[PDB]
$ cat final.cif   # mmCIF, C-alpha atoms
data_entry
loop_
_atom_site.group_PDB
_atom_site.id
_atom_site.type_symbol
_atom_site.label_atom_id
_atom_site.label_comp_id
_atom_site.auth_asym_id
_atom_site.auth_seq_id
_atom_site.Cartn_x
_atom_site.Cartn_y
_atom_site.Cartn_z
ATOM 1 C CA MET A 1 1.797 40.990 10.577
ATOM 2 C CA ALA A 2 1.827 40.638 6.750
ATOM 3 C CA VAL A 3 -0.912 39.888 4.204
ATOM 4 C CA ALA A 4 -1.276 36.352 2.806
ATOM 5 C CA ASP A 5 -2.730 35.071 -0.488
ATOM 6 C CA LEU A 6 -4.352 31.742 -1.477
ATOM 7 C CA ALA A 7 -1.293 30.923 -3.660
ATOM 8 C CA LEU A 8 0.810 30.615 -0.450
ATOM 9 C CA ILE A 9 -1.549 27.962 1.001
ATOM 10 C CA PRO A 10 -0.577 24.473 -0.343
ATOM 11 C CA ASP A 11 -3.382 23.059 -2.527
ATOM 12 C CA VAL A 12 -3.051 19.487 -1.163
ATOM 13 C CA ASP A 13 -1.294 18.640 2.115
ATOM 14 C CA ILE A 14 -1.625 15.040 3.294
ATOM 15 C CA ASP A 15 0.417 12.702 5.533
ATOM 16 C CA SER A 16 -0.067 9.163 4.209
ATOM 17 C CA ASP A 17 1.200 5.625 5.045
ATOM 18 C CA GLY A 18 -2.084 3.593 5.181
ATOM 19 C CA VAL A 19 -5.817 4.404 5.546
ATOM 20 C CA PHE A 20 -6.544 7.843 7.137
ATOM 21 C CA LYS A 21 -9.437 10.356 7.298
ATOM 22 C CA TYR A 22 -9.356 13.461 5.045
ATOM 23 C CA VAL A 23 -11.530 16.551 4.415
ATOM 24 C CA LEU A 24 -12.140 18.857 1.405
ATOM 25 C CA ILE A 25 -12.305 22.458 2.653
ATOM 26 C CA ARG A 26 -13.172 25.655 0.793
ATOM 27 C CA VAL A 27 -10.835 28.419 1.977
ATOM 28 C CA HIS A 28 -11.669 32.128 1.586
ATOM 29 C CA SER A 29 -9.052 34.895 1.681
ATOM 30 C CA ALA A 30 -9.503 37.741 4.206
ATOM 31 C CA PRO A 31 -5.888 39.042 4.329
ATOM 32 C CA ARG A 32 -5.012 40.941 7.564
ATOM 33 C CA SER A 33 -8.781 40.640 8.374
ATOM 34 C CA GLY A 34 -9.455 43.715 6.142
ATOM 35 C CA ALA A 35 -7.519 43.775 2.809
ATOM 36 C CA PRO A 36 -9.755 44.302 -0.324
ATOM 37 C CA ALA A 37 -9.644 40.575 -1.304
ATOM 38 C CA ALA A 38 -12.329 37.893 -0.749
ATOM 39 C CA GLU A 39 -11.434 35.211 -3.349
ATOM 40 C CA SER A 40 -11.719 31.469 -2.521
ATOM 41 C CA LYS A 41 -10.382 28.020 -3.566
ATOM 42 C CA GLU A 42 -10.732 24.401 -2.363
ATOM 43 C CA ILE A 43 -7.934 22.518 -0.536
ATOM 44 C CA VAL A 44 -7.416 18.825 0.358
ATOM 45 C CA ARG A 45 -6.258 18.104 3.960
ATOM 46 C CA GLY A 46 -5.717 14.650 5.533
ATOM 47 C CA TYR A 47 -3.510 13.572 8.442
ATOM 48 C CA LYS A 48 -3.579 10.269 10.359
ATOM 49 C CA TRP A 49 -3.191 11.956 13.802
ATOM 50 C CA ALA A 50 -6.846 13.141 13.518
ATOM 51 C CA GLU A 51 -9.310 10.940 15.433
ATOM 52 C CA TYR A 52 -12.222 12.443 13.414
ATOM 53 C CA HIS A 53 -12.625 14.757 10.376
ATOM 54 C CA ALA A 54 -13.559 17.606 12.769
ATOM 55 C CA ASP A 55 -9.999 17.607 14.226
ATOM 56 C CA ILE A 56 -8.525 18.284 10.757
ATOM 57 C CA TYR A 57 -11.136 21.011 10.124
ATOM 58 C CA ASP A 58 -10.423 22.641 13.535
ATOM 59 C CA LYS A 59 -6.629 22.663 12.920
ATOM 60 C CA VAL A 60 -7.011 24.028 9.400
ATOM 61 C CA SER A 61 -9.508 26.803 10.348
ATOM 62 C CA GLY A 62 -7.056 27.768 13.139
ATOM 63 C CA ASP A 63 -4.071 27.913 10.739
ATOM 64 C CA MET A 64 -5.977 29.860 8.052
ATOM 65 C CA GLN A 65 -6.922 32.516 10.636
ATOM 66 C CA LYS A 66 -3.173 32.879 11.412
ATOM 67 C CA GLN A 67 -2.562 33.324 7.637
ATOM 68 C CA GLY A 68 -5.434 35.750 6.935
ATOM 69 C CA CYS A 69 -8.139 33.349 5.628
ATOM 70 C CA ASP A 70 -11.301 31.489 6.796
ATOM 71 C CA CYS A 71 -12.696 27.999 5.978
ATOM 72 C CA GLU A 72 -15.852 25.960 5.285
ATOM 73 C CA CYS A 73 -15.744 22.134 5.065
ATOM 74 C CA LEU A 74 -17.465 20.922 1.857
ATOM 75 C CA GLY A 75 -17.314 17.260 3.008
ATOM 76 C CA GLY A 76 -14.684 14.559 3.607
ATOM 77 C CA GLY A 77 -13.915 10.837 3.522
ATOM 78 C CA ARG A 78 -10.728 8.740 3.726
ATOM 79 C CA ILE A 79 -7.623 8.220 1.593
ATOM 80 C CA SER A 80 -5.552 5.017 1.472
ATOM 81 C CA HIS A 81 -1.865 5.054 0.512
ATOM 82 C CA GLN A 82 -2.031 1.575 -1.080
ATOM 83 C CA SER A 83 1.128 0.054 0.555
ATOM 84 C CA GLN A 84 0.080 -3.210 -1.222
ATOM 85 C CA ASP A 85 -1.562 -2.704 -4.659
ATOM 86 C CA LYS A 86 -1.170 -0.063 -7.427
ATOM 87 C CA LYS A 87 -2.087 3.536 -6.309
ATOM 88 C CA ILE A 88 -3.647 6.129 -3.944
ATOM 89 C CA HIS A 89 -7.442 5.702 -3.616
ATOM 90 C CA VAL A 90 -10.161 7.811 -1.913
ATOM 91 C CA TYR A 91 -13.507 6.618 -0.418
ATOM 92 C CA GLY A 92 -16.052 6.845 2.456
ATOM 93 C CA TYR A 93 -17.703 10.075 3.676
ATOM 94 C CA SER A 94 -17.638 12.297 6.812
ATOM 95 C CA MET A 95 -20.480 11.734 9.310
ATOM 96 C CA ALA A 96 -19.735 15.350 10.392
ATOM 97 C CA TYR A 97 -20.793 16.999 7.060
ATOM 98 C CA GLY A 98 -21.159 14.566 4.109
ATOM 99 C CA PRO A 99 -19.109 12.946 1.311
ATOM 100 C CA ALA A 100 -16.485 15.239 -0.201
ATOM 101 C CA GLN A 101 -16.717 15.920 -3.938
ATOM 102 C CA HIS A 102 -13.925 13.297 -4.177
ATOM 103 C CA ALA A 103 -13.446 13.919 -7.947
ATOM 104 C CA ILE A 104 -12.119 17.423 -7.073
ATOM 105 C CA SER A 105 -9.803 15.906 -4.432
ATOM 106 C CA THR A 106 -8.390 13.175 -6.736
ATOM 107 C CA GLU A 107 -7.724 15.651 -9.583
ATOM 108 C CA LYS A 108 -6.016 18.016 -7.100
ATOM 109 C CA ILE A 109 -3.837 15.159 -5.720
ATOM 110 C CA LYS A 110 -3.105 14.058 -9.347
ATOM 111 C CA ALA A 111 -2.088 17.607 -10.379
ATOM 112 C CA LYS A 112 0.043 18.245 -7.251
ATOM 113 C CA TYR A 113 1.788 14.863 -6.792
ATOM 114 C CA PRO A 114 3.914 12.858 -9.329
ATOM 115 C CA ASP A 115 2.174 9.521 -8.445
ATOM 116 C CA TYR A 116 0.902 8.096 -11.753
ATOM 117 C CA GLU A 117 -2.822 7.748 -10.834
ATOM 118 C CA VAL A 118 -5.520 8.599 -8.248
ATOM 119 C CA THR A 119 -9.120 7.245 -8.236
ATOM 120 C CA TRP A 120 -12.152 7.337 -5.908
ATOM 121 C CA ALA A 121 -15.343 5.405 -5.087
ATOM 122 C CA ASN A 122 -18.417 5.769 -2.804
ATOM 123 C CA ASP A 123 -18.928 1.999 -2.325
ATOM 124 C CA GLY A 124 -19.407 2.068 1.484
ATOM 125 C CA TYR A 125 -18.267 3.258 4.937
#

$ encode --input "final.cif" --output "structure tokens"
Amino acid sequence: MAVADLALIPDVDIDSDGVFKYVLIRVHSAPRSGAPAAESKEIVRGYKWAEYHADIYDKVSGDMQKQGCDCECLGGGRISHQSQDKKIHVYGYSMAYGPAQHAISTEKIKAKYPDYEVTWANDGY
């Protein structure tokens, strides 16, 4: 075993080719389940294999425990890789928890990825 740190965890990790569900998760460090660190950050996760937002959350909480971290979903929604018109967009909510703070997610995607623009809405489900 080795310690981990929140810098090692990718800040956004999405698989995108259409509409898919996504979740915004706060992650807390707990390196080797006992190192003197308890910092936190938010991360954006979204993969089209998930039937529901809970499947993403379950995977991610599993992986973080292998790293030396723990998780709490803040909310979620959907992302759409345009494949038709202009740019990545983010919308909807998760029935499981609530709407993500999509503004955090879009700024994170915009910082991490070289795509020119990212926007969000809360227009409907």

$ closest_residue --input "final.cif" --among "A:12, A:33, A:82, A:27" --to "residue A:111" --atoms "only C-alpha atoms"
A:12

$ atom_distance --input "final.cif" --atom1 "atom CA of residue A:71" --atom2 "atom CA of residue A:28"
6.1 Å

$ residues_around --input "final.cif" --residues "stretch 84-89 of chain A" --least-positions-apart "2" --cutoff "7 Å" --atoms "all atoms listed in the file" --output "count of residues only"
9

$ closest_residue --input "final.cif" --among "A:94, A:61, A:122, A:67" --to "residue A:7" --atoms "all atoms listed in the file"
A:67

$ residues_around --input "final.cif" --residues "residue A:48" --least-positions-apart "3" --cutoff "9 Å" --atoms "all atoms listed in the file" --output "PyMOL selection string"
chain A and resi 14-22+51

$ write_last_selection --input "final.cif" --atoms "C-alpha atoms" --output "mmCIF file, in the frame of the given file"
data_model
loop_
_atom_site.group_PDB
_atom_site.id
_atom_site.type_symbol
_atom_site.label_atom_id
_atom_site.label_comp_id
_atom_site.auth_asym_id
_atom_site.auth_seq_id
_atom_site.Cartn_x
_atom_site.Cartn_y
_atom_site.Cartn_z
ATOM 1 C CA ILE A 14 -1.625 15.040 3.294
ATOM 2 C CA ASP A 15 0.417 12.702 5.533
ATOM 3 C CA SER A 16 -0.067 9.163 4.209
ATOM 4 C CA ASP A 17 1.200 5.625 5.045
ATOM 5 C CA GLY A 18 -2.084 3.593 5.181
ATOM 6 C CA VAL A 19 -5.817 4.404 5.546
ATOM 7 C CA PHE A 20 -6.544 7.843 7.137
ATOM 8 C CA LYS A 21 -9.437 10.356 7.298
ATOM 9 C CA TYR A 22 -9.356 13.461 5.045
ATOM 10 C CA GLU A 51 -9.310 10.940 15.433
#

$ closest_residue --input "final.cif" --among "A:121, A:23, A:74, A:38" --to "residue A:92" --atoms "only C-alpha atoms"
A:121

$ residues_around --input "final.cif" --residues "residue A:69" --least-positions-apart "6" --cutoff "12 Å" --atoms "all atoms listed in the file" --output "PyMOL selection string"
chain A and resi 3-9+26-35+37-41+60-63

$ atom_distance --input "final.cif" --atom1 "atom CA of residue A:100" --atom2 "atom CA of residue A:13"
15.7 Å

$ decode --input "final.cif" --residues "stretch 78-102 of chain A" --atoms "N, CA and C atoms" --output "mmCIF file, in the first residue's frame"
data_model
loop_
_atom_site.group_PDB
_atom_site.id
_atom_site.type_symbol
_atom_site.label_atom_id
_atom_site.label_comp_id
_atom_site.auth_asym_id
_atom_site.auth_seq_id
_atom_site.Cartn_x
_atom_site.Cartn_y
_atom_site.Cartn_z
ATOM 1 N N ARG A 78 -27.108 15.437 -16.425
ATOM 2 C CA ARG A 78 -26.673 14.831 -17.676
ATOM 3 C C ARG A 78 -25.756 15.812 -18.382
ATOM 4 N N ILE A 79 -24.922 15.289 -19.268
ATOM 5 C CA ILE A 79 -24.068 16.042 -20.167
ATOM 6 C C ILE A 79 -24.433 15.533 -21.563
ATOM 7 N N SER A 80 -24.274 16.388 -22.570
ATOM 8 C CA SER A 80 -24.487 16.039 -23.961
ATOM 9 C C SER A 80 -23.277 16.509 -24.757
ATOM 10 N N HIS A 81 -22.524 15.566 -25.333
ATOM 11 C CA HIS A 81 -21.487 15.890 -26.304
ATOM 12 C C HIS A 81 -22.236 16.141 -27.609
ATOM 13 N N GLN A 82 -22.385 17.423 -27.951
ATOM 14 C CA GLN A 82 -23.237 17.960 -29.011
ATOM 15 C C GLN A 82 -23.462 17.052 -30.224
ATOM 16 N N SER A 83 -22.386 16.554 -30.844
ATOM 17 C CA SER A 83 -22.389 15.734 -32.060
ATOM 18 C C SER A 83 -23.315 16.264 -33.178
ATOM 19 N N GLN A 84 -23.599 17.573 -33.192
ATOM 20 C CA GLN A 84 -24.588 18.199 -34.059
ATOM 21 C C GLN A 84 -24.368 19.714 -34.082
ATOM 22 N N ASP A 85 -24.372 20.384 -32.917
ATOM 23 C CA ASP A 85 -24.390 21.847 -32.869
ATOM 24 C C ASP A 85 -23.582 22.454 -31.714
ATOM 25 N N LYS A 86 -22.471 23.099 -32.072
ATOM 26 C CA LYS A 86 -21.619 23.967 -31.250
ATOM 27 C C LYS A 86 -20.758 23.338 -30.144
ATOM 28 N N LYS A 87 -21.286 22.997 -28.958
ATOM 29 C CA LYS A 87 -20.434 22.637 -27.804
ATOM 30 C C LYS A 87 -21.100 21.749 -26.750
ATOM 31 N N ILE A 88 -20.286 21.226 -25.824
ATOM 32 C CA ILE A 88 -20.722 20.459 -24.654
ATOM 33 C C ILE A 88 -21.747 21.300 -23.882
ATOM 34 N N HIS A 89 -22.820 20.662 -23.413
ATOM 35 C CA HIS A 89 -23.841 21.295 -22.588
ATOM 36 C C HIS A 89 -24.238 20.339 -21.462
ATOM 37 N N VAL A 90 -24.796 20.874 -20.374
ATOM 38 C CA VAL A 90 -25.058 20.146 -19.133
ATOM 39 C C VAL A 90 -26.452 20.552 -18.627
ATOM 40 N N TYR A 91 -27.283 19.601 -18.189
ATOM 41 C CA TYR A 91 -28.687 19.862 -17.864
ATOM 42 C C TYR A 91 -29.289 18.739 -17.011
ATOM 43 N N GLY A 92 -30.579 18.844 -16.671
ATOM 44 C CA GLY A 92 -31.298 17.833 -15.901
ATOM 45 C C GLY A 92 -30.982 17.931 -14.409
ATOM 46 N N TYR A 93 -31.302 16.870 -13.666
ATOM 47 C CA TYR A 93 -30.903 16.671 -12.276
ATOM 48 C C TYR A 93 -30.789 15.163 -12.010
ATOM 49 N N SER A 94 -30.410 14.751 -10.797
ATOM 50 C CA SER A 94 -30.481 13.355 -10.379
ATOM 51 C C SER A 94 -31.688 13.191 -9.467
ATOM 52 N N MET A 95 -32.598 12.268 -9.789
ATOM 53 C CA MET A 95 -33.674 11.884 -8.869
ATOM 54 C C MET A 95 -33.096 11.352 -7.547
ATOM 55 N N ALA A 96 -31.906 10.738 -7.598
ATOM 56 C CA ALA A 96 -31.260 10.112 -6.453
ATOM 57 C C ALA A 96 -30.856 11.110 -5.358
ATOM 58 N N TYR A 97 -30.518 12.365 -5.700
ATOM 59 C CA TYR A 97 -29.971 13.325 -4.735
ATOM 60 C C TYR A 97 -30.536 14.725 -4.987
ATOM 61 N N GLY A 98 -30.342 15.263 -6.194
ATOM 62 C CA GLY A 98 -30.798 16.584 -6.594
ATOM 63 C C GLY A 98 -29.998 17.056 -7.808
ATOM 64 N N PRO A 99 -30.260 18.274 -8.308
ATOM 65 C CA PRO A 99 -29.423 18.888 -9.325
ATOM 66 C C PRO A 99 -28.012 19.107 -8.783
ATOM 67 N N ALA A 100 -27.000 18.829 -9.604
ATOM 68 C CA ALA A 100 -25.640 19.231 -9.288
ATOM 69 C C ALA A 100 -25.579 20.759 -9.339
ATOM 70 N N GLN A 101 -24.548 21.332 -8.719
ATOM 71 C CA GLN A 101 -24.217 22.735 -8.865
ATOM 72 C C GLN A 101 -23.493 22.847 -10.210
ATOM 73 N N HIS A 102 -24.242 22.701 -11.310
ATOM 74 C CA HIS A 102 -23.721 22.554 -12.666
ATOM 75 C C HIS A 102 -22.692 23.620 -13.043
#
